[PDB]
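Asks: Chains as they are written, first to last, in PDB author numbering: chain G, 6 to 83; chain C, 330 to 412.
Beta carbons are placed, not taken as given, at the ideal position from N, Cα and C, and that holds for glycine.
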Amino acid sequence: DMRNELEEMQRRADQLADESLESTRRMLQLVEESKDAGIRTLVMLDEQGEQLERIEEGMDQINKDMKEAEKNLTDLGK
Amino acid sequence: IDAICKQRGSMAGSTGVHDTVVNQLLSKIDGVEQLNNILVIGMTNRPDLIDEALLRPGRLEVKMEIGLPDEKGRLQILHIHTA
Numbered sequence: 006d007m008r009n010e011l012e013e014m015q016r017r018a019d020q021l022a023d024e025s026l027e028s029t030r031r032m033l034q035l036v037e038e039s040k041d042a043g044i045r046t047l048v049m050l051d052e053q054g055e056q057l058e059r060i061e062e063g064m065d066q067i068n069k070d071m072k073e074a075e076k077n078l079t080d081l082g083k
Numbered sequence: 330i331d332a333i334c335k336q337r338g339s340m341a342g343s344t345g346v347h348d349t350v351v352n353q354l355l356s357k358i359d360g361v362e363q364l365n366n367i368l369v370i371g372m373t374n375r376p377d378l379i380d381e382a383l384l385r386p387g388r389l390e391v392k393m394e395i396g397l398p399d400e401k402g403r404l405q406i407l408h409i410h411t412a
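1) Taking the Cβ atom as the reference point for each residue, do C/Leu389 and C/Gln336 lie within a distance shorter than 9 angstroms?
2) Please list the segments of the alpha helix (DSSP H) lying wholly inside the region 336-371 of chain C, counting only runs of 4 or more residues, in order along the chain.
3) Can you give the Cα-Cα distance for C/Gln363 and C/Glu394, rounded to whole angstroms?
4) Return helix, strand or coil for G/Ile44, following the three-state DSSP convention.
5) Since C/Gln405 is in the alpha helix (DSSP H), which residue starts that stretch and which ends it?
6) For C/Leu355, which option in C/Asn366, C/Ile406, C/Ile333, C/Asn374 has the closest C-alpha, if you only look at C-alpha atoms?
7) Assuming C/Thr344 and G/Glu13 form a contact by the criterion Cβ under 8 angstroms, report the distance between their Cβ atoms to the nearest whole angstrom.
Set out below in structure tokens:
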């Protein structure tokens, strides 16, 4: 009558982490810095676009003025 | 029912899972919290091995013996099966 039976106990392997808290924090800090740099680039790019738009009008005005002056001088000369 | 409700102490299963089940069943059928909407039916061939605390008039009060019939029962059975 040496017929034995058993029961079982369970253990849980550690969840997936303990490497997600050293590279993670550095990743977040770098992401924040990149976000700030992107915001600054946004602002600078908008300012540059405004300045180019401003330049356009003066360019067109000088072109028109020179063309009209040349035509007038030619007309009077002949 | 006699496969999970033998007397408590006998049957020296060294696991200890044959008394915990009986205790849980006893504590669930009639315990501190009261139920009034259940009905339990048990069927066994060896009524002498059931726990004596499970058969008291508060847990399993009605006990019936089903035995061989007589002529007036055999006639009814044959009619039922030949109708």
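Replies: According to the structure data:
1) Not in contact: C/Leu389 and C/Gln336 (Cβ atoms no closer than 9 angstroms).
2) If we require 4 residues or more, the alpha helix (DSSP H) runs fully inside the region 336-371 of chain C come out as 346-358.
3) In this model, C/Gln363 and C/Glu394 are separated by some 29 angstroms (Cα to Cα).
4) The answer is helix: DSSP assigns G/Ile44 an H, G or I state.
5) Membership of C/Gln405 in the alpha helix (DSSP H) is indicated by the continuous run 400-411.
6) For C/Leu355, the nearest C-alpha among the options comes from C/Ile333.
7) Contact flag wrong, Cβ pair sits at about 11 angstroms.
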